[PDB]
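K.L.:
this one's sequence-less:
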DNA sequence: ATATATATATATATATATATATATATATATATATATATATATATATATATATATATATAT
């Protein structure tokens, strides 16, 4: 669904950046929930509270964990991006969706 | 020539996620009910002071 596609796109881009700064496969990718929530709000809208944002993010993260794309939240509220994303099917479609989104976030308001 | 078989379209089923309504269960605050200390009523023994009265003194 749309939200899941956004989350995979975001994590794909951040993983790619991580491989730029660290090299490919040298170190596991990590990110904080507080760094993801702002972009989910940016690209989807406010559900009503920080608690609802966190609940939505947790549900999505569980869903991806089902596909083997993300680990569970850890003591730092951080998560690890599973390297399986490097072999995803159609990353260019993800880029197209991200461009569509950054166009909609502007046109809509 | 009749019938065969694959590619095509479409009607139906299956998977998955979101949200809502649900069932089981815990805990809470509420009300019924019981127990109690306490005061007040009913009954009683013992006795006094009393009203009614017998028995009675006194009277015509």
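P.N.:
Cool, the structure landed. Numbers count the residues shown, from 1 in each chain, chains lettered A, B, ... in the order given.
K.L.:
The residue in chain A positioned nearest to DNA strand B and residue A:107, how far apart?
P.N.:
In chain A, no residue comes nearer to DNA strand B than residue A:63, which is 4.3 Å away by Cβ to the nearest atom of the strand. Bear in mind the C-beta positions are built from the backbone N, C-alpha and C, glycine included. Shown here: residue A:63 relative to residue A:107, a distance of 29 Å by Cβ to Cβ, to the nearest Å.
K.L.:
Counting neighbours, which bits of the helix or strand hosting residue A:62 end up buried?
P.N.:
Assigned by DSSP states H and E, residue A:62 belongs to helix A:50-66. The neighbour-count check on helix A:50-66 (16 or more other Cβ atoms under 10 Å) flags A:53, A:54, A:56, A:57, A:60, A:61, A:64 as buried.
K.L.:
Please report how far residue A:93 lies from residue A:33.
P.N.:
Counting by Cβ to Cβ, the gap from residue A:93 to residue A:33 is 26 Å.
K.L.:
Can you pick out the residue with more neighbours from the two?
P.N.:
A side-by-side neighbour count of residue A:93 and residue A:33, using other Cβ atoms under 10 Å, places residue A:33 first with 17 against 12.
K.L.:
what's around the closest residue to the more buried one other than its chain neighbours, how many residues?
P.N.:
Nearest residue to residue A:33, sequence neighbours excluded (Cβ to Cβ, 6 or more residues apart in numbering): residue A:77, at 4.6 Å. By the criterion of other Cβ under 10 Å, residue A:77 has 12 neighbours.
K.L.:
The lengthiest helix in chain A versus helix A:50-66: what angle between them?
P.N.:
Secondary structure of chain A per DSSP state H: the longest helix is helix A:2-22. With axes from the mean of the first three to the mean of the last three Cα atoms, to 10 degrees defining the directions, helix A:2-22 sits at 80 degrees from helix A:50-66.
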